[PDB]
Amino acid sequence: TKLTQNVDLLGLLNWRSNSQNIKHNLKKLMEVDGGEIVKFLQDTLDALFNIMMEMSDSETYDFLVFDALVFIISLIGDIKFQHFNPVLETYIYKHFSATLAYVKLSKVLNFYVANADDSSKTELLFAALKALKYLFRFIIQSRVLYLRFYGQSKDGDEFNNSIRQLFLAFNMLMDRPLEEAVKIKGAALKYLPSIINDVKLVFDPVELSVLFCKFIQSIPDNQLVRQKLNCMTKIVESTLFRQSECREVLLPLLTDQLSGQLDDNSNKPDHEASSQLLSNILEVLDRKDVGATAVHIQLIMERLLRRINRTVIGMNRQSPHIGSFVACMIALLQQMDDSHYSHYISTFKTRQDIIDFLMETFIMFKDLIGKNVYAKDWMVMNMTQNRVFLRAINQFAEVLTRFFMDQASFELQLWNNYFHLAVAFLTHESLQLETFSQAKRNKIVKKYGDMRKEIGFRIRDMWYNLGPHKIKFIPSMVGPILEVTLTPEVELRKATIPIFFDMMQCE
């Protein structure tokens, strides 16, 4: 476990006397075995730093050493080599002693990205794309080491610049024709968001946000849809916990790309990745102490609901992962508050437009409750979505009231649809269902109450409020009110039968 079989390594150990073959040894490093390396890799790192504080004037050696360490870390990525990382970070954060190397390293990266069209530099590029996370971690450590060693950076600004220009070269690669490096472009988008949680330390988070923003617009906007979605997933994942000052600026970009995903009619395959976004975004929104988001959920509401309803009427087919999108929209309006329904979801364009939107939503709810997308074993989340339907459909009852009694002296037909939903929802989850156990009864009751009670009371009181237009309704609507009157409970049945006498007197 100490004995080593290699000449390149050993000569580099006394590179101080092998000051000549440093170039040669470096040219010979690409075939040094991983086992040969791992024994004293950190020691190679220290010798490497000695080289870089001394012989930086051989920026040829900067390239060579750079690719050598990239080869080292790419080696380290393997399952055979996942295990040294504790030693790695220990050295990086206890014995790493490089101060200005990070400048040189970012510099070499910028060279490589600049010289990207060269096929000989392509693989060095792509390997660096793989190792970006460690590369940046080391550049962080070297930079902050320079910082403490010098107290502060008189020129940290030009460092931030280094970041920006390097980003710009990246941007123009994405502007460059795809056929050059389509693979490495995907690899880029994949591995860049690694660096951001380390960018946190030494940077303006808003600037990083807008950086990746510009990056995203730089995409050829008919390519790498799955790839870009996974990338932006890794973005939304991290540093969105540092919410307010990246949320607000990333978010519009996020909506742009997902709404491009919305309706192009090539949209069909990305469904999965769109679902991941939709999910992660709003669930971290519900992640409590990330910050205040009611406005933010408000925005997402505004410009994604009619969208997603259309979507899942198109995602309609039961066989696919439609249910995931269901989870999305429910959780949405679950978190999202009544106020926000009132905000603009109440406040759409010319009235008949919102009327059409509502009728679509209702016939969707009918498509949901009838033919639930669930195997009846997820009754937990099933009951929950019952709750959110309860709440949302309530709020829709109130909007239809506040805008659609005889103040709108007319336009009273849609309520047939309405009450169909009202009952069809009411038309399951009955006494025998809880009867599966007493535990089943009481679990449902304690956790949830008896939703049927207030469902009935809502239909009841809105029936009262329906006004003398009831005459337009009775003979048709008499169907459903028997289901509710037949409801196996006691109370709401007592509150429900009088409806008979009510339209009895109206007629």
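Conventions used here
- Here the residues of each chain are numbered from 1 in the order the sequence is written, which can differ from the numbering of the entry; residues without coordinates are not included.
- Values throughout apply to the visible chains only, these chains being members of a larger assembly.
- Side-chain descriptors were evaluated using all non-hydrogen atoms of the structure, hydrogens and water having been removed beforehand.
- Elements are defined by DSSP. Helices are runs of H or I of four residues or more, strands are runs of E of two residues or more, and each kind is numbered from the N terminus.
- We compute the radius of gyration from the C-alpha atoms alone; for a globule the expected value is 2.2 Å times N to the 0.38, where N is the number of residues.
- The classification of residues rests on relative accessible area computed with a 1.4 Å probe and restricted to protein chains. Under 20% of the type maximum is buried, over 50% is exposed, and intermediate values are partly exposed.
- Pairs of residues are marked as contacts when any of their non-hydrogen atoms sit within 4.5 Å.
- Surface accessibility follows the Shrake-Rupley procedure with a 1.4 Å probe radius. Residue values consider only the protein chains on display as shielding.
- Positive charges come from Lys and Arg, negative ones from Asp and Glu, while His and the chain ends are left out of the count.
- Where a charge lies is defined by one atom per residue type: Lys uses NZ, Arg uses CZ, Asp uses CG and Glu uses CD.
- Note on aromatic contacts: the rings of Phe and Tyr and the six-membered ring of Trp form a pair at centre separations within 6.5 Å, being stacked when their planes are under 30 degrees apart, edge-to-face when over 60 apart, and tilted otherwise.
- Whenever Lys or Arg places a side-chain nitrogen within 4 Å of a carboxyl oxygen from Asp or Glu, that contact is recorded as a salt bridge.
- Pairs of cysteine sulfur atoms within 2.5 Å are identified as disulfides in what follows.

- The record names cryo-EM as the way this model was obtained, at a resolution of 4.66 Å.

- Named according to the PDB entry, the protein is Dedicator of cytokinesis protein 5 originating from Homo sapiens.

**Looking at the overall build of the protein**
1) Next: Scanning the protein from terminus to terminus reveals 27 helices and zero strands.
2) Next: A compact globule built from 507 residues should have a C-alpha radius of gyration of about 23 Å, whereas the protein, at 32 Å, is more than 25% larger.
3) Next: Based on the C-alpha atoms only, the size of the protein along its principal axes is roughly 110 × 50 × 45 Å.
4) Next: Burial analysis of the protein (507 residues in total) assigns 47% to the buried set.
5) Next: If you take every contact in the protein between residues at least 6 apart in sequence, the share linking residues at least 24 apart comes to 76%.
6) Next: Total accessible area on the protein is roughly 25,800 Å²; 61% of this is exposed by carbon and sulfur atoms.
7) Next: Between the mean site of the 58 positive side-chain charges and the mean site of the 58 negative ones, the protein shows a separation of 4 Å.

**As for the packing of aromatic side chains**
1) Next: As enumerated under the stated definition, the model contains 24 aromatic pairs in all.
2) Next: Both rings, one in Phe-362 and one in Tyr-418, keep their centres 5.8 Å apart while their planes meet at 90°; by these two values the pair is edge-to-face. Here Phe-362 is found in helix α19 (residues 351–369), whereas its partner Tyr-418 is found in helix α21 (residues 415–426), with 56 residues between them in sequence. Of the two residues, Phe-362 and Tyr-418, neither departs from the other in class, the shared state being buried.
3) Next: On the numbers, 5.6 Å between centres and 75° between planes, the contact of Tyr-374 with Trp-378 is edge-to-face.

**What to know about the pattern of salt bridges**
1) Next: Inspection of every chain in the model, using the stated rule, returns eleven salt bridges.
2) Next: The salt bridge involving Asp-117 is made with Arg-176; its shortest N-O contact spans 2.5 Å. With a gap of 59 residues between them, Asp-117 in the loop between α7 (101–114) and α8 (119–150) and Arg-176 in the loop between α9 (156–175) and α10 (182–191) connect regions that are remote in the sequence.
3) Next: According to the relative accessible area criterion, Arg-176 is buried, its value standing at 10%.
4) Next: Notably, a salt bridge pairs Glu-180 with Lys-185, separated by 3.9 Å at the nearest N-O pair.
5) Next: Given a relative accessible area of 30%, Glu-180 falls into the partly exposed group.
6) Next: Residue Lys-185 is classed as buried on the basis of its relative accessible area of 10%.

**Quick look at the side chain of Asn-309**
1) Next: Looking at the element boundaries, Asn-309 is found in helix α16 (residues 294–314).
2) Next: Judged by relative accessible area, which is 8%, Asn-309 ranks as buried.
3) Next: Every residue in contact with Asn-309, bar those within four places of it in the chain, is listed here: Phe-357, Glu-360, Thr-361 and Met-364.

**Some details on the state of the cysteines**
1) Next: Evaluated as defined, the whole model comprises zero disulfides.
2) Next: Between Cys-213, a free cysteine, and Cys-246, which holds the nearest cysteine sulfur, the sulfur-to-sulfur gap is 9.4 Å.
3) Next: With a relative accessible area of 7%, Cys-213 lands in the buried category.
4) Next: Looking at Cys-246, the relative accessible area reads 3%, which means it is buried.

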